[PDB]
Amino acid sequence: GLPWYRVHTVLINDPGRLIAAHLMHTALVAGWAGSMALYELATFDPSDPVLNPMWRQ
Amino acid sequence: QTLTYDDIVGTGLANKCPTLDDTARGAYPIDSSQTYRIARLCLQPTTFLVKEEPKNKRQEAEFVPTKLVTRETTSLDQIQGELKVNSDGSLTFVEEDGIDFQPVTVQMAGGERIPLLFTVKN
Ligand code: CLA
Ligand code: CLA
Ligand code: CLA
Ligand code: CLA
Ligand code: CLA
Ligand SMILES: CCCCCCCCCCCCCCCC(=O)OC[C@H](COP(=O)(O)OC[C@@H](O)CO)OC(=O)CCCCCCCCCCCCCCC
């Protein structure tokens with residue numbers, strides 16, 4: 001049996017499922033970006049860019 | 001032209017005050033030995049500005065524009081009162097009655113709703 005640290009090696013000779021794994025990785029990364037922005041928007045105070053700029057928050 | 005309810009209903013015009021031709025730049029003389037009245041006073045807001053809270057440090061708060069959310073429900077109209085002639089010659093309007101208040105809600109950036117009683121009571 002494949003050891004746990006080698007499971008993804010089943011893509012090496014399988015370009016379509018390789019593409020499908022890359023697509024899934026890209027999905028998760030773009031989803032993170034959307035979710036992170038939404039969290040930031042939900043928590044950001046826009047009311048004082050002088051003394052409470054984004055980098056303090 | 002004299003319009004009718006059925007002409008206006010649902011158009012947003014019922015919330016508009018009457019207007020006067022571009023050529024009405026005359027003058028109404030005031031017979032000081034005469035008593036006067038306002039048969040109809042109509043006010044129609046077009047913009048609502050709200051003073052932003054100048055934070056602790058402050059410097060100088062501005063009046064920021066706002067968005068109206070309560071629709072064509074904002075105008076004062078059918079307001080009446082006598083127009084006195086003062087002894088120094090000035091004129092003075094004293095509201096007796098009218099539709100002289102409208103609750104209005106505008107929204108500030110960020111989404112704060114500011115309700116107000118737009119009014120000229122008394
Ligand atoms: C980019 C992410 C990614 C992708 C595209 C793949 C893709 C693949 N994996 Mg791998 N895998 C991943 C991450 C990934 N895996 C991770 C993180 C682990 C460790 C858990 C594994 C462990 C693993 C094993 C053990 C096996 C695969 C297998 C496979 C293949 C078939 C799919 C499968 O059985 O999935 C199974 C994998 C999952 C269902 C992973 C789900 C992880 C969940 C979503 C984490 C969520 C945690 C939690 C809910 C977070 C929410 C917040 C929390 C605070 C509540 C395919 C090549 C199989 C294969 O063919 O190998 C020969 C297989 O047997 N993968
Ligand atoms: C683009 C980056 C990339 C890609 C595509 C691969 C792809 C691969 N690596 Mg390599 N690798 C990379 C970066 C990458 N690696 C880096 C940066 C390191 C140093 C840490 C390694 C070190 C490494 C070792 C030492 C080994 C591999 C192996 C493998 C193969 C099997 C891995 C597997 O099944 O995971 C299985 C993994 C799990 C089931 C769970 C992983 C849980 C980890 C510990 C924590 C989870 C992190 C989290 C999910 C999200 C990632 C965060 C951030 C990095 C984005 C596969 C071809 C194996 C191999 O050669 O097989 C022949 C192997 O032995 N990789
Ligand atoms: C027509 C020629 C062409 C074009 C335009 C591309 C373009 C691309 N290839 Mg490559 N590729 C080509 C020929 C081409 N390839 C050939 C002949 C092979 C050999 C079979 C490969 C094998 C290959 C592999 C194995 C992989 C790529 C990947 C990628 C993508 C990585 C970037 C990405 O996902 O961004 C992020 C994506 C977006 C912002 C959105 C993409 C939306 C686009 C506009 C596609 C829309 C639909 C369209 C019809 C799908 C067909 C895509 C096209 C590649 C055929 C990129 C879109 C990687 C990939 O798929 O990553 C997921 C990947 O794993 N390619
Ligand atoms: C340039 C940026 C970049 C790069 C190179 C990669 C590369 C990789 N990521 Mg992706 N990732 C990125 C940005 C990136 N990512 C971003 C911005 C996000 C959104 C936050 C993700 C989300 C993401 C998820 C959700 C998953 C990956 C996975 C993977 C791996 C898939 C191949 C594999 O099997 O590796 C095999 C794994 C390794 C070689 C492990 C490398 C170890 C890295 C350095 C992390 C080190 C340990 C980690 C810090 C411990 C976490 C502890 C914490 C939970 C407390 C590969 C290493 C998948 C993965 O790791 O599958 C198991 C996976 O599940 N990444
Ligand atoms: C479809 C197009 C598209 C557009 C217009 C954007 C636009 C944006 N994204 Mg999103 N994004 C997209 C697709 C897209 N994205 C996809 C497909 C994913 C999934 C991978 C993401 C994942 C993602 C993340 C994880 C994040 C963003 C973020 C952002 C923002 C900052 C962008 C930035 O700094 O990039 C910066 C990109 C770079 C600096 C890339 C540098 C390229 C290196 C140098 C490659 C060098 C190698 C090259 C091939 C060699 C070239 C050879 C040369 C000779 C020509 C911006 C709103 C950020 C944000 O604010 O999110 C809310 C953020 O954190 N995006
Ligand atoms: C969404 C995020 C998902 C994250 C998923 C979670 C990550 C996945 C699990 C990672 C944990 C790995 C467990 C592997 C552990 C285990 O499987 O090890 C034994 C394992 C044996 O490998 P073999 O080649 O024998 O393969 C046998 C196979 O059956 C294994 O699949 O060796 C490897 O794993 C190589 C690296 C071992 C790691 C060495 C660390 C051992 C530490 C022991 C000392 C402890 C500290 C005590 C001293 C103070």
Side-chain angles (χ1 to χ4, degrees), chain A, chain B residues 3 5-20 22 41-79 95 98-122:
Chain A
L2 279 174
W4 68 268
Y5 52 89
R6 288 191 197 159
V7 288
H8 291 167
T9 62
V10 303
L11 301 181
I12 290 174
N13 275 325
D14 191 339
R17 299 210 159 167
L18 176 70
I19 280 160
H22 289 171
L23 281 162
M24 188 56 74
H25 185 264
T26 305
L28 287 151
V29 178
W32 178 79
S35 302
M36 189 78 255
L38 285 177
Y39 181 81
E40 295 198 352
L41 283 187
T43 51
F44 177 60
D45 182 2
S47 72
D48 184 0
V50 187
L51 292 186
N52 197 18
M54 55 176 91
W55 47 269
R56 294 277 307 173
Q57 297 183 54
Chain B
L3 288 149
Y5 183 68
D6 289 313
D7 293 325
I8 279 161
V9 53
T11 70
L13 293 164
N15 205 42
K16 267 59 185 146
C17 294
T19 63
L20 293 179
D22 290 322
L41 168 66
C42 187
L43 297 98
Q44 156 186 347
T46 61
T47 114
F48 293 93
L49 303 142
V50 180
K51 234 170 198 145
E52 45 176 12
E53 302 308 326
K55 261 96 204 81
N56 197 171
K57 70 286 188 63
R58 35 125 300 286
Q59 200 166 308
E60 177 44 77
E62 312 101 56
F63 271 85
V64 304
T66 71
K67 291 173 126 199
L68 179 67
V69 294
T70 35
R71 304 184 71 189
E72 294 312 292
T73 69
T74 60
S75 283
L76 319 183
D77 200 7
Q78 309 226 59
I79 294 171
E95 201 228 354
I99 305 166
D100 59 4
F101 68 96
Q102 293 299 348
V104 172
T105 304
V106 308
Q107 189 167 308
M108 269 162 68
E112 195 184 354
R113 284 144 182 197
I114 299 302
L116 75 123
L117 191 89
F118 172 48
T119 186
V120 296
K121 281 183 175 281
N122 305 110

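Chain identifiers are assigned alphabetically (A, B, ...) following the order of the sequence lines, protein sequences preceding nucleic acid strands; residue numbering begins at 1 within each chain. Each ligand, and each atom within it, is numbered from 1 in the order the structure gives. Just so you know, these numbers use all the heavy atoms, side chains as well, and skip hydrogens, waters and symmetry mates.
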Heavy atoms of B:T70 and B:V104 approach each other most closely as OG1-CA, 4.0 Å

For B:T105 and B:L68 the tightest heavy-atom approach is O-CD1, 3.8 Å

Any idea which protein heavy atom is nearest [atom], and the distance to it?
| atom | answer |
| --- | --- |
| atom 8 (C) of ligand 6 | A:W4 CZ3, 4.9 Å |
| atom 27 (C) of ligand 6 | A:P3 CB, 4.8 Å |
| atom 32 (O) of ligand 6 | A:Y5 CE2, 4.6 Å |

Are more than 12 heavy atoms from other residues, nucleotides or ligands located less than 6.0 Å from atom [atom1] of [X]?
| X | atom1 | result |
| --- | --- | --- |
| B:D7 | CG | yes |
| B:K16 | NZ | yes |
| A:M54 | CE | no |
| A:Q57 | CD | yes |

Does the distance from a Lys or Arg side-chain N to an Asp or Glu carboxylate O, for B:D100 and B:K121, drop under 4.0 Å? yes

Given the protein's heavy atoms, is any one of them under 4.0 Å from [atom]?
| atom | answer |
| --- | --- |
| atom 29 (O) of ligand 6 | no |
| atom 25 (O) of ligand 6 | no |
| atom 34 (O) of ligand 6 | yes |
| atom 14 (C) of ligand 6 | yes |

Would you please say whether a donor-acceptor pair under 3.5 Å links the side chains of B:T73 and B:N15? no

Polar contact flag, side-chain donor to acceptor under 3.5 angstrom, A:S47-A:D45: yes

The protein residues that pass the under-4.0 Å heavy-atom test against ligand 4 are A:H8, A:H25, A:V29, A:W32

